[PDB]
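Comments concern the structure below.
This chain uses plain numbering: 1 for the first residue, then up along the sequence. These numbers come from the heavy atoms of this one structure, side chains and all, not from hydrogens, waters or symmetry mates. Order of appearance sets the numbers: ligands from 1, and atoms from 1 within every ligand.
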Amino acid sequence: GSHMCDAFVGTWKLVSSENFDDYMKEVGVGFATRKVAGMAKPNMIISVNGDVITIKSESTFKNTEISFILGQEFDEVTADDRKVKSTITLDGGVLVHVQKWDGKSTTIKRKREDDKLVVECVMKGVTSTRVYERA
Ligand SMILES: O=c1c(C/C=C/c2ccccc2)c(O)ccn1Cc1ccc(Cl)cc1Cl
């Protein structure tokens with residue numbers, strides 16, 4: 001079939017987090033923004049419309065939103081308000097999302113396992129891991 005939609009679409013609520021503070025520090029996020037973002041526990045809404053995929057994150061603190069095609073690079077404004085250039089691909093059924101800015105790079109992987117959606121953020125060997133369930 002064409003199973004990528006059925007795997008990822010829906011509304012996901014955070015249920016665990018590792019070293020997110022550390023990840024945000026390494027990306028350069030300010031100390032107050034880090035803490036408040038860490039407490040926000042935002043939902044992640046994934047949707048599909050033909051070739052165009054969208055990932056919304058919603059909290060009382062801040063909303064964000066990206067729409068993209070796989071393989072196409074696009075400008076993105078991140079939750080801490082960095083301007084970045086992003087490319088998202090489907091590699092072995094995982095969504096792999098790369099962010100380039102000022103000669104740096106961070107990678108965000110989103111992978112389904114069982115009833116869960118696991119997100120891994122890497123920045124120069126600081127690694128954060130967050131788990132989500134359907135809400
Ligand atoms: O963008 C995301 C999201 C999606 C929403 C996050 C998000 C977090 C808090 C509030 C709203 C949205 C994740 O699950 C995990 C990582 N990142 C990267 C990131 C996350 C946070 C910050 Cl500050 C900076 C950066 Cl580069």
Side-chain angles (χ1 to χ4, degrees):
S2 34
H3 291 303
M4 101 113 232
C5 180
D6 293 278
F8 284 98
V9 170
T11 292
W12 303 85
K13 66 171 155 66
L14 183 71
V15 296
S16 85
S17 194
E18 261 193 332
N19 306 330
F20 197 52
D21 198 74
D22 300 339
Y23 170 84
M24 272 178 305
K25 185 187 293 179
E26 203 75 17
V27 170
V29 183
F31 73 100
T33 307
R34 277 205 293 285
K35 277 293 141 144
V36 167
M39 314 189 62
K41 274 61 178 76
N43 282 178
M44 185 178 66
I45 302 132
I46 305 187
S47 56
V48 169
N49 182 32
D51 293 352
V52 179
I53 304 162
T54 301
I55 306 191
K56 296 198 72 221
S57 287
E58 292 176 351
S59 67
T60 43
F61 167 53
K62 172 161 282 84
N63 311 310
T64 78
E65 172 165 4
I66 62 185
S67 305
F68 55 90
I69 310 188
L70 293 174
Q72 286 186 4
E73 185 186 293
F74 65 96
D75 311 311
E76 159 180 19
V77 181
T78 72
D80 45 324
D81 291 319
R82 275 160 26 245
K83 225 158 93 214
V84 307
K85 308 302 225 80
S86 285
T87 309
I88 308 179
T89 38
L90 194 76
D91 306 340
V94 172
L95 291 171
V96 186
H97 174 195
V98 176
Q99 288 191 336
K100 310 282 193 203
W101 80 105
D102 302 359
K104 319 177 222 193
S105 144
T106 185
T107 296
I108 306 181
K109 291 190 195 158
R110 299 170 170 105
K111 184 180 186 203
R112 281 298 302 284
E113 269 295 292
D114 212 64
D115 55 322
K116 278 164 198 84
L117 201 191
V118 172
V119 185
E120 178 199 74
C121 317
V122 183
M123 176 72 172
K124 301 186 308 203
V126 172
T127 301
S128 177
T129 314
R130 286 153 87 70
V131 181
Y132 292 79
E133 286 174 0
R134 258 172 222 289

Contact summary for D115 and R112, nearest pair of heavy atoms: CA-NH2, 3.8 Å

Quick one: ligand 1 N/O to protein N/O pairs below 3.5 Å?
unit_1   : atom_1 : unit_2 : atom_2 : d
ligand 1 : 14 (O) : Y132   : OH     : 3.2

Within 6.0 angstrom of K13 NZ, more than 12 heavy atoms from elsewhere: yes

With sequence neighbours excluded, residues passing side chain to side chain contact (heavy atoms under 4.5 Å, CB included) with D22: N19, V126

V52 versus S67, closest heavy-atom pair with distance: CG1-CB, 4.1 Å

Partner residues of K56 under the side chain to side chain donor-acceptor pair (under 3.5 Å) criterion, sequence neighbours left out: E58

Within residues 14-48 or reaching into it, pairs that qualify as ring pair (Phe, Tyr, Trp, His ring centres under 6.0 Å) - sequence neighbours excluded: none

